[PDB]
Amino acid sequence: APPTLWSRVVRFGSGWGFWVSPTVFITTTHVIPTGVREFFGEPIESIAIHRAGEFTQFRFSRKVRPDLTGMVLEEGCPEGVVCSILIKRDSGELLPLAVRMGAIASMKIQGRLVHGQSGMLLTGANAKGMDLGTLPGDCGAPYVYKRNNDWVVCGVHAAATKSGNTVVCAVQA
C-alpha cells in the first residue's frame, strides 16, 4: 500500500499492535509480553497503560513515532458498519479483510470467554492455512474505517471462531 497506515501496524510479541498516534497506542491484552521493564525502547514508568479486559491503551509523552498523524479512535463501531482489519502476516503479506460489525457481548470462541465487539468476515466463512480469514497470530490487528472526514480505529483483533467467520475485537467501551 503507498503506507501511512499499514506500516503503523507492528509486530508485538505472540501478536501485533497499532499506532493510533506518536503520543497514543492500541494492542491486545493477551498479547503483551511476560518477561519485562521496557517497550518501544521506553522507561516503562513514563507512559500511562490504561488496560481494560482484552483491550490495552498506552498513552505516551514522546516523539515515538514523530512520523505518524494521530488517529480519531471511537468507543465501539455502530452495529452494521463495515470496518476493515489490517492484518500483516509473515511473508508480510498485507491482508485487509472487510468485517461487518456486530453487537457487543461476551463469548465462547476457542473455549475462552471474550468480551469485545463481534463481527463477521465478508469472505464468506472458511480458512485452511493463509488467505481469506484470520489466524492465531493476528492478534492486535486494528479495525479501522473512514467516517465522513477521517480515519478512526474501533478496536483490536482479539479472537476468532474456529471457521474464522466471526471475530471479536477488544474495545474501549
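Residue positions are given as counts along the sequence shown, with the first one as 1.
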Notebook entry, point to check: For the C-alpha atoms alone, is the average B factor greater in 71-79 or in 92-100, going by the entry?
Noted result: 71-79
Note to self: I need to verify one thing: averaged over C-alpha atoms only, is the B-factor higher for 104-112 or for 56-64?
What the structure shows: 56-64
Next item on the list: Among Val36, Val144, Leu121, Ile26, single out the one with the highest C-alpha B factor in the record, please.
Entry: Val36
Note to self: Can you tell me which of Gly155, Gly17, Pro22, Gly164 has the maximum CA B-factor listed in the PDB entry?
What the structure shows: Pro22
Note to self: Using the temperature factors of the C-alpha atoms in this entry, rank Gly140 within its chain: lowest, middle or highest third.
What the structure shows: lowest
Next item on the list: Please place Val171 in the lowest, middle or highest third of its chain by C-alpha B factor as given in the entry.
Entry: middle
